[PDB]
Amino acid sequence: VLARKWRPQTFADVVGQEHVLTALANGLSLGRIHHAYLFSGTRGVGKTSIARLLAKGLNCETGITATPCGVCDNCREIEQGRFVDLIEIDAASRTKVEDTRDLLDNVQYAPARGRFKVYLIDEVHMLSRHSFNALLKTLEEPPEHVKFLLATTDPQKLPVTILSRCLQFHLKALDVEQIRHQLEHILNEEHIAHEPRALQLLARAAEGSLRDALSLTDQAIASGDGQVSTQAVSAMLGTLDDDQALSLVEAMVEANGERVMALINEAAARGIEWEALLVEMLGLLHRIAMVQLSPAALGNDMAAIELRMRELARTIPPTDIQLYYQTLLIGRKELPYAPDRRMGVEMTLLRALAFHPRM
Amino acid sequence: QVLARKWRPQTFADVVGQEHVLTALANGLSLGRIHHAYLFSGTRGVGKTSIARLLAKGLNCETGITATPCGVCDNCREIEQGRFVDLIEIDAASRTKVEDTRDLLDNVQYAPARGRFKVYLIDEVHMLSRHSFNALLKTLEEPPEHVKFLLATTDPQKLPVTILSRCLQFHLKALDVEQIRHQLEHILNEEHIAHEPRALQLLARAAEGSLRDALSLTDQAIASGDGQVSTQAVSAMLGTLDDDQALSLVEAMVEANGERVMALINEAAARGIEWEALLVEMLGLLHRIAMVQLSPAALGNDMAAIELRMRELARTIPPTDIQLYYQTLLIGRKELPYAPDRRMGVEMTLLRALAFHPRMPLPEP
Amino acid sequence: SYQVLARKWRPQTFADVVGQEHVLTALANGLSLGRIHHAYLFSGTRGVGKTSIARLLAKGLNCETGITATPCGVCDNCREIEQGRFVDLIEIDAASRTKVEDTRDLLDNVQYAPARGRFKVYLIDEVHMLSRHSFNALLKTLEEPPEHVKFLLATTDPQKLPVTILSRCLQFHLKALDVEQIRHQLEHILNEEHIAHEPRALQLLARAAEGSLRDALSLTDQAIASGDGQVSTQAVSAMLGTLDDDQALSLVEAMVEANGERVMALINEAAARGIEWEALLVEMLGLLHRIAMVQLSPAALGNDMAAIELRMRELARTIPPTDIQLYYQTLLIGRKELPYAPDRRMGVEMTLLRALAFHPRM
Amino acid sequence: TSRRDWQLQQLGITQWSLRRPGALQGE
Amino acid sequence: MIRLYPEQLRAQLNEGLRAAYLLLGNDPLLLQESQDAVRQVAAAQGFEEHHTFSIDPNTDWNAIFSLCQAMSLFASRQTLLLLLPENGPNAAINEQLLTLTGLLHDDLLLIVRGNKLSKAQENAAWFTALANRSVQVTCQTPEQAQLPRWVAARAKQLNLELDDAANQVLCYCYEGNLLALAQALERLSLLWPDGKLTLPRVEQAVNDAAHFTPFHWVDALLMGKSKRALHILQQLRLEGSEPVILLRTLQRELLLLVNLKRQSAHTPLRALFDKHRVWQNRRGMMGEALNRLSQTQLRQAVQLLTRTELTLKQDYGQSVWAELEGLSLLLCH
Amino acid sequence: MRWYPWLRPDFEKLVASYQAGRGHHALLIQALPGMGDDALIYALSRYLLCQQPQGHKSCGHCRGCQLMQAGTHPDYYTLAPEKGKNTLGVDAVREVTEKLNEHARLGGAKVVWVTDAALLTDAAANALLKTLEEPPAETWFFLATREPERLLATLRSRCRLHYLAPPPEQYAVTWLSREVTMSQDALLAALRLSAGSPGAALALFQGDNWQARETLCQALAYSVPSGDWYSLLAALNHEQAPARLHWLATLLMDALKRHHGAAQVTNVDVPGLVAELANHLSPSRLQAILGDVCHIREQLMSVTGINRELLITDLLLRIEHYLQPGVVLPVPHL
DNA sequence: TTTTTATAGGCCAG
DNA sequence: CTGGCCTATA
Ligand SMILES: Nc1ncnc2c1ncn2[C@@H]1O[C@H](COP(=O)(O)OP(=O)(O)O)[C@@H](O)[C@H]1O
Ligand SMILES: Nc1ncnc2c1ncn2[C@@H]1O[C@H](COP(=O)(O)OP(=O)(O)O)[C@@H](O)[C@H]1O
Ligand SMILES: Nc1ncnc2c1ncn2[C@@H]1O[C@H](COP(=O)(O)OP(=O)(O)O)[C@@H](O)[C@H]1O
Ligand code: BEF
Ligand code: BEF
Ligand code: BEF
Ligand SMILES: [Mg+2]
Ligand SMILES: [Mg+2]
Ligand SMILES: [Mg+2]
Ligand SMILES: [Zn+2]
Ligand SMILES: [Zn+2]
Ligand SMILES: [Zn+2]
Ligand SMILES: [Zn+2]
């Protein structure tokens, strides 16, 4: 699997995420090493891949280095998966306290193979109230030979009393190019045909996550019987469109009858609850209407959709917008009574596209 | 016996549509490029559960890892009969809790008995607690060589994004009316069963995308029609009346002709058609008209028998006019509940039409 | 050993079931075609034969005579189903036992072959009540049960069930019972029970049932009490708050005449006589309907109205079609929002008021 | 505002009317 | 009772340790850093046995009788820590405390962690008899005004040099969450040994994580700062607050505004502020609001606030957050 | 709980059917509050849990009724809402549905009394369905509401309805004049506010309540001529709001009735207020306001936990807006 | 100084 | 197998 094989073994192999690497690089380099680090951010952006790396760099036979060699008994042992002193707890399956207490009875004994006993607790947000307490008591009096590496997607769930005991690195989600350049590299290496604009399409679709990315790519290879072609990539991503709701709003304003009748028909295939489609649209117009009252009303949230949203606010009369809303908000109240529910959305969009309510 | 069950496809050959899914998996199997987490989504009855099973069945075919499983080696036949030691189908809707998931976890490490792979097909997978979802996380990210994970669910919407970034996601598309029909034919043919052509066109529409829904309707259609799948039988069961009478009422209405309207209602009343239903075929018709006006290639395939006439209506009557009749019948539906009498209620609604009729209102004093 | 007619008279053989002939047909048909499903969902409004039928479908599958459409009711099996004492129709009160753990027990005890019966038949009734989770639990089993298992699903409100659940059933919407259907029955029952009845009284009951055989038997039983043994046109009509024709029309009239003082005072007189307010509105809604009907073709006024016809025709001649529609709607709406207003009376008074001031156009 | 147009208001029957015939007629 | 700011504490704790250490406040980062500043200087002065206890109304009269028994000489020095209930010292435990105020060795060191106490709780005999022995730290977070100062102060303690420009940017991003702020600084000193933290450098290694209360939002509206309001909302959602709580706290204000607006015609601004016992600090801010919004705009707000409530508790609508994004904007024209 | 004299007939008829043995197992009595439905039920309850009855009456001296006098009769279940709450939860119905199967703990019949079916939850209503349709033997149900039509569809077809109709007003006034010393006008008004049920009438006089209507009247008297209705917030915003609103709506309607010169008004006791309302408010607004008053009332009563102050405050500002000339007024829906 | 409710599913320590 | 606690959905 692409996602597995292309896990970064050397810092050099890691994409972006530089504000994290560097500070680690340098702390190792310049003898600064906290008893415990926390790595957060979104699915598949480096959290654990880096956590593993910090272990390599902490125990490398060449010494505590920012640039682990990835060729010593230790680096290949870790890279392999079985290193005496690399304890990577799957916090998500072993969360009850019994198991955390038993993990930390052995914390005291000296490390067999290497410089540090490195505990790498991954998906750590899952540990119980009590289990956190156990950890805590060990973090408040950390054995010298021990270092803790906490990685979670959702940090907000750790107690203040533990986030206050970790140096926390929030990994940023990856940049569209950042993902693309990495996708080129890997396909290139694996010896696989690709087009320019095929990859531009996958990096976008990843929505910032390098794993989503290779997982998407893996699939893409199969759709392409060995070639990652735009012809194929675009088809596949069309299989998985969230789109519809925004996409309809767009073709709604422009007044594109076919595009509308077609999206409605695409949405059909996705297999959508129709009432829910209206609601997403309505929500969509709401947001927009308000981007028309400050640039500030667009989310940290949004991002993926965001480009499209802003343009749409720029190029539609705010008075036109409240109008579209009315028409949709209405068609919703009518949905149960329209013959079909599909039919009721279709009718609502005609109403919105072409007609005007006189009152 | 039961069609829904008897026809669950046994090879990729037998899977309806979903080319984009079958085509990847086969391409990938023959390509030797195989993931360890496959996720399957789509509305009910579009083939996910049965596709997933085919994948397991093809992963473990004694002939080799092939997209064309043989259906005769001990491994294939025993997957068919659901008693194959190494395809562990977990009803995730009853093994939802963590402890249950942990048990599935513990017993992963152990090697398969009789197969190339221990394949866990976790069906209705959206039901797992939050807890048992993350339980799955790391083990799904990096499993052992001999382990594969087949997940499948109606809505993938519910699975944490962490789970999602770890799988191939295959979204089965709902079925064309044509597709459903063709299968319904094949099956009724194979099962040797009399059928009127149009009775199928009718079921596949009522199936609303779902090949099961359709087989479920056919099953009860066969029973309703007495070993025959007849048009009368299907439209009986469906609340449909066969299209003429419906339209004829629209027509009479746009034509402002009251006598005919009330007659046509009386005649429908003799057939004891259920009132709300009638109203609805009328809204159905108006809507398709109003649509035909938008895009012309929009008029439905199924209503050939009436296209001539429909088209005419869409051509002759002002859009802003149809918006009238539609709305009028629509709040008419909103009313039927409370009207004194459901007949009365429909009638009264069309009388309302007549009085506000855009072109030849009812006569004033 | 007394039980309400609505209970005593529960159809015990397919023969003794009223209407729903399309359901019984498909059913008896399937049994006889050997085409038996594993998931039967039964729907319709209150008291039309849902659970009654389900239980009859159970009898037939289990009958000592064989799998039949026409179950005897004379074997250890049928008699035990009639009495609930039958070990092999596990009948679940879904609305009471809704939780997952509850229905996961159900699932675990499925695999097990049936006791003294041929099929193990679950009858989840009031099924729209199973938790979200409980529905999904059944999905995998409901789709692929053991050959010895049959699922029977009845509910009033099938709207609520997951489409995943629906995709896995044969669904049978029972139609509401025709007014006639209900009466003929009602007649029959009172005959057999040896109770005296006047035909027109039966007519009123079947109407008030509003589609529903249980509703009917329940009002019937109510009849018998407040009637002192007899179900008389007198007693039933006084019970149901039935109108004497004059009163409604007079209102309708005073309303279009815009005559406030008289609409209001007319109501006051009604309130004294203790009329069912919802009754009044319906009857006016009924009167407004003819009126708009007569305008269409003069002939449309029935042989029934002879007494009124005179007053009706005027109303039809004078008041615009258009304007009547307003009147009718305003009253319909008011019937809708009736039980929500502070008094029922007030609800009526406000409705007449709103409608009152329609009269002069401009 | 006709008296009819008024009655339609009272009745909840919302009147719809064109505004962009352009994207209709033309396919 | 030596009253301290957590910064100042480090110096006062070295001069001489004292029998009672009182850590009062609301901020988590000031609490740990101050609690760990003491645990550190306790072990250094020969303290090994460190005993922690969390005080609920749950702690029996059996769990406070194992605590007063806890100190018997001669024991190698032991540090007892006592955690608080939300309410602070209740009548049940305001008395348990008394019992401990007299048991004060150089062998036993008292530490106490909790919120701020109501003044009467504070002046309860036992507290003021501890007084001359006890040191007390204020661990109230800084607000938008007091903050940047505390940033540049802790900045110069880590001897890094912060730009006016970067201080502004840290304070936006970590307002209300000092701990993330601190770790931000640490993170930056590891990024750059330079110590020099440019606006453009600092900008690149920051993530947006401010913690607000709903009060931060009504205040925001009251003053008309909307880009703030919107920020506060977006953040409040992400910490997952119950919207109901927003609704009700905006209301307590919105409805006072309405009643003030009218009454304003008849009597002078100040009289009405007095009438309604409006907190002094708020009163300036309220004026501003009053002066900005029309008696009608208020009427609209009130109406729109009702639209959302009903939409919330009857229509079980999703909308709710959007409906507030709007309502916010409205109260800013 | 009191026993009122207009119950004797309604009781005797009902008991008669039970006494035949041919009584119906799920009775549903519909009655206005104050109408004393509970006492009819209690009376029928005592009758059933009587092992040695004396005609229509309960003895006092059998082991059965001693227990019943002293609250704790093992076979006598009361479904009312928890103390703090105003709904009637499913869990509580399920205990009763469960226990009901255990053979009667005293070996008499079992009676279950649902004080107000109006208060059953959706889940709680349905829970009751199957036990109600066919309950174990010798089990008797009693249910009471204001408005059957507000009651679940199916729950309803399992019941026998009994309408407890209120006595003639003449009688009612005469009753009242004995229990309180008020002006005949006041009584008739009180009685009329309360949909004709004496006692429910009487109530108004008993509680702090009547003084409180005078204060709505006091404050209305000012709001009308001054166009200041937000002034009313004070008199309306209280726990009993839906009750006080109803008062305000009846005042509004009487006004509207005068604009039509109608004979009966409801608030016979303050025809001054009724007038000043017909004088400074056009019928158009009288009625549009009557409208929102009633509607906000529903919500105050039907929405669980909704904020009173916020709703009532809206209603009042919005009414003032209606008072503006040319503003668009509301027209009911669907 | 921070709040709707009724009903369900669910994790967890001892 | 209880009581403390968190969650989602309508
Ligand atoms: N910064 C990165 N550089 C290179 N590959 C990455 C990066 N982030 C994620 N990936 C890809 O995702 C896979 C898993 O990433 P991982 O670090 O486990 O994410 P997480 O933070 O969610 O645990 C890696 O094997 C790699 O293919
Ligand atoms: N793509 C398909 N091709 C053929 N039959 C199908 C297909 N999808 C559904 N069916 C029919 O529906 C039944 C159940 O299909 P299934 O795959 O279980 O749907 P789901 O995806 O919801 O689990 C099968 O027995 C089969 O007859
Ligand atoms: N179709 C019918 N034929 C005869 N009796 C009926 C019919 N429908 C309802 N009833 C009467 O209604 C009572 C309850 O009917 P039931 O089938 O339980 O309704 P439900 O569908 O609401 O569960 C029975 O006692 C029976 O007398
Ligand atoms: F492994 Be990551 F947190 F998706
Ligand atoms: F029936 Be499917 F799995 F939704
Ligand atoms: F009353 Be029934 F079961 F709908
Ligand atoms: Mg990870
Ligand atoms: Mg399936
Ligand atoms: Mg039933
Ligand atoms: Zn190395
Ligand atoms: Zn094979
Ligand atoms: Zn038999
Ligand atoms: Zn007795």
# chains A, B, ... in the order shown; residues from 1 in each chain; ligands from 1
call {"tool": "residues_near_ligand", "arguments": {"ligand": "ligand 9", "cutoff": "9 Å", "atoms": "only C-alpha atoms (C1' of nucleotides) and all ligand atoms", "output": "PyMOL selection string"}}
result
(chain C and resi 46-47+49-52+125-126+154-156) or (chain F and resi 129-130+133+154)
call {"tool": "write_last_selection", "arguments": {"atoms": "C-alpha atoms", "output": "CSV table (one decimal), in the first residue's frame"}}
result
chain,number,residue,atom,x,y,z
C,46,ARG,CA,-55.2,3.0,13.9
C,47,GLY,CA,-57.5,-0.1,14.1
C,49,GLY,CA,-56.4,-4.8,11.0
C,50,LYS,CA,-52.7,-4.5,11.3
C,51,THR,CA,-51.9,-6.6,14.3
C,52,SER,CA,-55.0,-8.7,13.9
C,125,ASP,CA,-45.7,-4.5,16.8
C,126,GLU,CA,-45.7,-0.7,17.3
C,154,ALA,CA,-46.6,-3.9,12.1
C,155,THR,CA,-46.9,-0.2,12.7
C,156,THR,CA,-49.1,2.8,12.3
F,129,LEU,CA,-50.6,1.2,23.8
F,130,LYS,CA,-50.4,-2.5,24.0
F,133,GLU,CA,-55.6,-2.5,24.1
F,154,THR,CA,-54.0,5.1,18.5
call {"tool": "residues_around", "arguments": {"residues": "residue 167 in chain C", "least_positions_apart": "5", "cutoff": "12 Å", "atoms": "only C-alpha atoms (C1' of nucleotides)", "output": "PDB file with C-alpha atoms, in the first residue's frame"}}
result
ATOM      1  CA  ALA B   4     -33.943 -10.604  -2.775  1.00  0.00           C
ATOM      2  CA  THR B  43     -28.037   3.707  -0.328  1.00  0.00           C
ATOM      3  CA  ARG B  44     -29.706   0.482   0.558  1.00  0.00           C
ATOM      4  CA  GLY B  45     -29.608  -2.384  -1.910  1.00  0.00           C
ATOM      5  CA  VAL B  46     -27.163  -1.149  -4.494  1.00  0.00           C
ATOM      6  CA  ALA B 206     -40.970   2.575  -7.723  1.00  0.00           C
ATOM      7  CA  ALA B 207     -37.702   0.980  -6.661  1.00  0.00           C
ATOM      8  CA  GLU B 208     -36.216   4.440  -6.368  1.00  0.00           C
ATOM      9  CA  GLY B 209     -32.692   3.368  -7.130  1.00  0.00           C
ATOM     10  CA  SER B 210     -32.506   0.167  -5.077  1.00  0.00           C
ATOM     11  CA  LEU B 211     -32.118  -3.182  -6.736  1.00  0.00           C
ATOM     12  CA  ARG B 212     -33.258  -4.840  -3.527  1.00  0.00           C
ATOM     13  CA  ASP B 213     -36.238  -2.551  -3.051  1.00  0.00           C
ATOM     14  CA  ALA B 214     -37.157  -3.694  -6.560  1.00  0.00           C
ATOM     15  CA  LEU B 215     -36.729  -7.388  -5.878  1.00  0.00           C
ATOM     16  CA  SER B 216     -38.693  -6.877  -2.689  1.00  0.00           C
ATOM     17  CA  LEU B 217     -41.516  -5.292  -4.662  1.00  0.00           C
TER      18      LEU B 217
ATOM     19  CA  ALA C  39     -40.107 -10.067   6.648  1.00  0.00           C
ATOM     20  CA  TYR C  40     -43.679  -8.889   6.447  1.00  0.00           C
ATOM     21  CA  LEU C  41     -44.289  -5.229   7.379  1.00  0.00           C
ATOM     22  CA  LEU C 139     -30.705  -5.157   9.483  1.00  0.00           C
ATOM     23  CA  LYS C 140     -28.311  -8.096   9.107  1.00  0.00           C
ATOM     24  CA  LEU C 142     -33.912  -9.306   8.915  1.00  0.00           C
ATOM     25  CA  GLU C 143     -32.216  -9.615   5.534  1.00  0.00           C
ATOM     26  CA  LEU C 161     -38.536   3.113  10.002  1.00  0.00           C
ATOM     27  CA  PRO C 162     -35.144   3.398   8.318  1.00  0.00           C
TER      28      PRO C 162
END
call {"tool": "interface_residues", "arguments": {"of": "chain B", "to": "chain F", "cutoff": "8 Å", "atoms": "only C-alpha atoms", "output": "short mmCIF file (atom, residue, chain, number, x, y, z; two decimals) with C-alpha atoms, in the first residue's frame"}}
result
data_model
loop_
_atom_site.label_atom_id
_atom_site.label_comp_id
_atom_site.auth_asym_id
_atom_site.auth_seq_id
_atom_site.Cartn_x
_atom_site.Cartn_y
_atom_site.Cartn_z
CA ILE B 331 -51.73 23.62 -0.86
CA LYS B 334 -51.72 20.51 2.50
CA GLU B 335 -55.50 20.70 3.08
#
call {"tool": "residues_near_ligand", "arguments": {"ligand": "ligand 10", "cutoff": "7 Å", "atoms": "only C-alpha atoms (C1' of nucleotides) and all ligand atoms", "output": "compact mmCIF listing (two decimals) with C-alpha atoms, in the first residue's frame"}}
result
# COMPACT_ATOMS: atom_id res chain seq x y z
CA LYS A 56 14.91 7.31 15.71
CA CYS A 60 20.30 6.69 16.88
CA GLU A 61 23.56 4.83 17.33
CA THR A 62 25.31 7.84 15.81
CA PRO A 68 19.13 9.94 12.15
CA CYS A 69 21.05 7.62 9.82
CA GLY A 70 18.26 5.09 9.13
CA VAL A 71 20.86 2.36 8.68
CA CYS A 72 22.02 1.39 12.19
CA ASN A 74 18.42 0.93 15.93
CA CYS A 75 17.00 2.97 12.99
call {"tool": "residues_around", "arguments": {"residues": "range 356-358 of chain B", "least_positions_apart": "6", "cutoff": "9 Å", "atoms": "only C-alpha atoms (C1' of nucleotides)", "output": "list in words"}}
result
residues 253, 254, 256, 321, 324 and 325 of chain B; 321 and 322 of chain C; 4 and 8 of chain D
call {"tool": "interface_residues", "arguments": {"of": "chain A", "to": "chain B", "cutoff": "6 Å", "atoms": "only C-alpha atoms", "output": "list in words"}}
result
residues 1, 43, 92, 93, 211, 212, 222, 223, 225, 269, 270, 271 and 339 of chain A
call {"tool": "closest_atom_pairs", "arguments": {"of": "chain F", "to": "chain D", "cutoff": "10 Å", "atoms": "only C-alpha atoms", "output": "Markdown table"}}
result
| residue | atom | partner | partner_atom | distance |
| --- | --- | --- | --- | --- |
| F:331 | CA | D:10 | CA | 7.3 |
| F:332 | CA | D:10 | CA | 8.8 |
| F:333 | CA | D:12 | CA | 7.4 |
| F:334 | CA | D:12 | CA | 7.2 |
call {"tool": "interface_residues", "arguments": {"of": "chain A", "to": "chain E", "cutoff": "7 Å", "atoms": "only C-alpha atoms", "output": "list in words"}}
result
residues 19, 22, 23, 26, 27, 160, 164, 167, 168, 296 and 297 of chain A
call {"tool": "atom_distance", "arguments": {"atom1": "CA of residue 111 in chain F", "atom2": "CA of residue 140 in chain F"}}
result
4.6 Å
call {"tool": "residues_around", "arguments": {"residues": "residue 113 in chain A", "least_positions_apart": "2", "cutoff": "8 Å", "atoms": "only C-alpha atoms (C1' of nucleotides)", "output": "list in words"}}
result
residues 84, 85, 111 and 115 of chain A
call {"tool": "write_last_selection", "arguments": {"atoms": "C-alpha atoms", "output": "compact mmCIF listing (two decimals), in the first residue's frame"}}
result
# COMPACT_ATOMS: atom_id res chain seq x y z
CA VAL A 84 13.46 -3.28 22.24
CA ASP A 85 13.16 0.26 23.56
CA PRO A 111 16.40 0.63 28.61
CA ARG A 115 19.81 5.76 24.91
call {"tool": "residues_near_ligand", "arguments": {"ligand": "ligand 1", "cutoff": "9 Å", "atoms": "only C-alpha atoms (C1' of nucleotides) and all ligand atoms", "output": "CSV table (one decimal) with C-alpha atoms, in the first residue's frame"}}
result
chain,number,residue,atom,x,y,z
A,2,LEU,CA,1.3,3.5,-0.9
A,3,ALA,CA,0.3,4.9,2.4
A,4,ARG,CA,2.4,2.4,4.3
A,5,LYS,CA,5.5,2.1,2.1
A,6,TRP,CA,6.0,5.9,1.8
A,7,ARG,CA,6.1,6.5,5.5
A,8,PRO,CA,9.0,8.9,6.1
A,11,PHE,CA,13.5,13.9,8.5
A,13,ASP,CA,11.8,12.5,3.6
A,14,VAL,CA,9.1,14.5,5.4
A,15,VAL,CA,6.8,17.0,3.7
A,16,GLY,CA,6.4,20.5,5.0
A,17,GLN,CA,5.7,20.6,8.7
A,39,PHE,CA,1.8,16.0,18.3
A,40,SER,CA,-1.6,17.1,17.0
A,41,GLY,CA,-3.2,18.2,13.8
A,42,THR,CA,-5.4,16.4,11.2
A,43,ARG,CA,-5.5,12.8,10.0
A,44,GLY,CA,-2.4,11.9,8.0
A,45,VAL,CA,-0.3,15.0,8.1
A,46,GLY,CA,2.7,13.6,10.0
A,47,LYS,CA,1.7,13.2,13.7
A,48,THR,CA,2.8,9.6,14.2
A,49,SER,CA,5.3,9.4,11.3
A,50,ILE,CA,7.1,12.2,13.0
A,51,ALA,CA,6.7,10.7,16.5
A,52,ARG,CA,8.4,7.6,15.2
A,122,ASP,CA,-0.7,7.2,19.8
A,123,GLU,CA,-4.4,8.1,19.5
A,151,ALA,CA,0.1,11.9,19.3
A,152,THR,CA,-3.5,12.6,18.9
A,153,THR,CA,-5.9,14.1,16.3
A,171,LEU,CA,1.1,20.0,12.7
A,173,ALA,CA,-2.5,20.5,7.2
A,174,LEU,CA,-0.6,20.2,4.0
A,179,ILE,CA,0.9,17.2,-1.5
A,182,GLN,CA,5.0,14.5,-3.0
A,209,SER,CA,-4.2,15.4,4.2
A,210,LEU,CA,-1.3,13.5,2.7
A,211,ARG,CA,-2.7,10.2,3.7
A,212,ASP,CA,-6.1,10.9,2.2
A,213,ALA,CA,-3.9,11.7,-0.7
A,214,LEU,CA,-2.0,8.4,-1.2
A,215,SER,CA,-5.2,6.6,-0.3
B,138,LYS,CA,-4.0,1.9,14.3
B,141,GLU,CA,-3.6,1.7,9.4
B,162,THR,CA,-9.5,9.3,10.8
B,165,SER,CA,-8.2,8.5,5.4
B,166,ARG,CA,-7.2,4.9,6.0
call {"tool": "residues_around", "arguments": {"residues": "residue 256 in chain F", "least_positions_apart": "4", "cutoff": "12 Å", "atoms": "only C-alpha atoms (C1' of nucleotides)", "output": "count of residues only"}}
result
39
call {"tool": "residues_around", "arguments": {"residues": "residue 306 in chain B", "least_positions_apart": "3", "cutoff": "9 Å", "atoms": "only C-alpha atoms (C1' of nucleotides)", "output": "number ranges by chain"}}
result
B: 243-244, 247, 303, 309-311
call {"tool": "interface_residues", "arguments": {"of": "chain H", "to": "chain A", "cutoff": "12 Å", "atoms": "only C-alpha atoms (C1' of nucleotides)", "output": "number ranges by chain"}}
result
H: 4-6
